[PDB]
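Both backbone and side-chain heavy atoms feed into the values below; hydrogens, waters and symmetry mates do not. Proteins get letters first, then strands, A, B, ... in listed order; numbering begins at 1 in each.
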Amino acid sequence: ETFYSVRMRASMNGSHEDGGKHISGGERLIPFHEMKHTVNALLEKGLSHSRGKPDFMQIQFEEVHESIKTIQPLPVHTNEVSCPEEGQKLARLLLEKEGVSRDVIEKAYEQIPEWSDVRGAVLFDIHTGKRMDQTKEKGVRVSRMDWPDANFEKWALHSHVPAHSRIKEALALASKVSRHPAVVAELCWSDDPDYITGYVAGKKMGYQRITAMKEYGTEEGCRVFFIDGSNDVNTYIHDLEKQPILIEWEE
Amino acid sequence: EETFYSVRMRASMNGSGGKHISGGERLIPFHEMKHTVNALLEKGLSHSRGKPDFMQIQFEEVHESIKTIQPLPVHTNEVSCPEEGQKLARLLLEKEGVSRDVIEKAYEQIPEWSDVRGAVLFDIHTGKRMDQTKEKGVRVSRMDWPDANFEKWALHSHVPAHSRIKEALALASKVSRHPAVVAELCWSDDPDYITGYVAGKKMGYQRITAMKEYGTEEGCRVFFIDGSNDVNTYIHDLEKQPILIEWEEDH
Ligand SMILES: Nc1ncnc2c1ncn2[C@@H]1O[C@H](COP(=O)(O)OC(=O)CCCCCC(=O)O)[C@@H](O)[C@H]1O
Ligand SMILES: Nc1ncnc2c1ncn2[C@@H]1O[C@H](COP(=O)(O)OC(=O)CCCCCC(=O)O)[C@@H](O)[C@H]1O
Ligand SMILES: [Mg+2]
Ligand SMILES: [Mg+2]
Ligand SMILES: [Mg+2]
Ligand SMILES: [Mg+2]
């Protein structure tokens, strides 16, 4: 059966390219017969965003010719913290636990404010202590991963986590990304003003949720992948953009 | 001054060197966005040229102010076969002001332009193609015709209220208005529609009921240009100038 990559991005004050504000992004992986439902889902997701009404949006589909790999979601643990500063401290400890040196963590945190506007993810090289990709404000956009809702809902029931598509999306991405042999860890929180939970993820500790990573009403987010590998960055960028992943949980 | 949006679509098969299946352009208020994205989607998905494996749909705010014009006057020439239609087409182009030699040269090149995805600009002073877009063609966009007014026009005009005619006539009308455009020649690349037209400022929109045989995918869109200025000026006008059609019943 043939699957399709469906992607969306939306911005205001022009195309993202112009120097507009990123509003929303989406990526889906589906059989052809879900095309209409999926295009509408992405349209609606872009139109009803807390960051604002877009004046630019692109939606796109194409056939995927690489074969699909189906994986488990990462194990999930929720860390309850009382404030953003405690969440950020915990985040740094978790990154160090997973194998990132403290020094590389500090260098990344120096740039993170600069990367608030990035539309995808930043790749940070642990060998240089510096950004590895050259996409600048565009970022690297991981795509061609998805998680059928029914299975995701079964997973959320069991995990005592709410069945919000925001978590599905985050965990599908974290799971695809941590599977990459060159990715040691990911740090994330949302650019949406209305969601303060973030996470750190890696192969050892799984998907570590942190219930407060920033204040409500702020639009600064973070998506950094810490890279430890022997290959060029374009190889890895191609892996993240092109490798098709479906999530399927079983107990 | 109400805000309008350019909504565009293109679809192809065997990739993004692929076969062009469908193209669309709309110009609408924001509240029509959902209906319009779905219309373009469905248009692309149910095309007689085939099922796409690639599609892009895009919207953006238009910042130039909209000009509203009347549609060209319409006349329908009933012919009994394609060869009679083509012969009429050439007579009408000549009557509107294109010299015979320029018509003959263009007809010799029309077969090699079957694959062009937009329009060809043909210079009447040089008897040569003027634009440099090759297989891409020049894609006129940011024109539309609100459905209600189009339906009233079609009722009165004794022409069927098909969106194909709406789209053709909105384009022909925007294009003929351009002071450098002497005439247009058109028939569809769709295997399932053999009606075509020639259009110009004097003769209006002259429909010709048979311009090719059913089941053929060779189409034509040629703009005959009489102009001193940089072709890129004209191209920019055709791509960027926002036009709405309003037929005035009161007349
Ligand atoms: N597909 C992607 N590829 C690379 N970076 C991405 C991608 N998607 C999002 N990002 C980056 O992350 C930033 C925020 O993305 P968002 O979709 O706003 O991210 C979230 O909602 C994070 C929620 C995690 C906690 C969920 C939970 O377990 O309760 C976003 O602006 C991008 O810069
Ligand atoms: N927006 C455009 N800008 C430039 N060229 C275009 C555009 N739209 C279509 N074309 C070119 O023309 C070709 C034919 O497009 P189509 O939309 O398939 O053409 C038609 O339906 C023609 C119908 C005319 C008769 C209507 C009537 O019954 O009164 C198409 O493949 C392109 O090469
Ligand atoms: Mg997202
Ligand atoms: Mg966001
Ligand atoms: Mg068309
Ligand atoms: Mg066509």
Check: Hey, is CG on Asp117(A) packed in by over 12 heavy atoms from elsewhere, all under 6.0 Å?
Finding: no
Next item on the list: Using a cut-off of 6.0 Å, state whether more than 12 heavy atoms not belonging to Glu17(A) lie near its atom CD.
Entry: no
Margin query: Just checking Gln134(A): does its CD atom have more than 12 heavy atoms from other residues, nucleotides or ligands closer to it than 6.0 angstrom?
Written below: no
Note to self: Measuring from atom CZ of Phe61(A) to atom CD1 of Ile57(B), what distance do you get when rounded to the nearest 0.5 angstrom?
What the structure shows: 8.0 Å
Note to self: What part of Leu43(A) gets within 4.5 angstrom of chain B, counting heavy atoms only: side chain, backbone, both, or neither?
What the structure shows: side chain
Item checked: CZ/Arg49(B): more than 12 non-hydrogen atoms of other groups inside 6.0 Å -> yes
Next item on the list: Examine whether an atom of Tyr4(A) lies under 4.5 Å from a heavy atom of chain B, and if so say whether it belongs to the side chain, the backbone or both; otherwise answer neither.
Entry: side chain
Notebook entry, point to check: Should we say atom NZ of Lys138(A) is surrounded by more than 12 heavy atoms from elsewhere, each under 6.0 Å from it?
Noted result: yes
Margin query: Taking every non-hydrogen pair under 4.5 Å, which of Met57(A), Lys36(A), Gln58(A) racks up the most with chain B?
Written below: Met57(A)
Notebook entry, point to check: Using a cut-off of under 4.5 Å for heavy-atom pairs, which of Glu42(B), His63(B), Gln58(B) has the most such pairs with chain A?
Noted result: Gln58(B)
Margin query: As an exercise, state the distance from NZ of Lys51(B) to CD of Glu63(A), rounded to the nearest 0.5 Å.
Written below: 7.0 Å
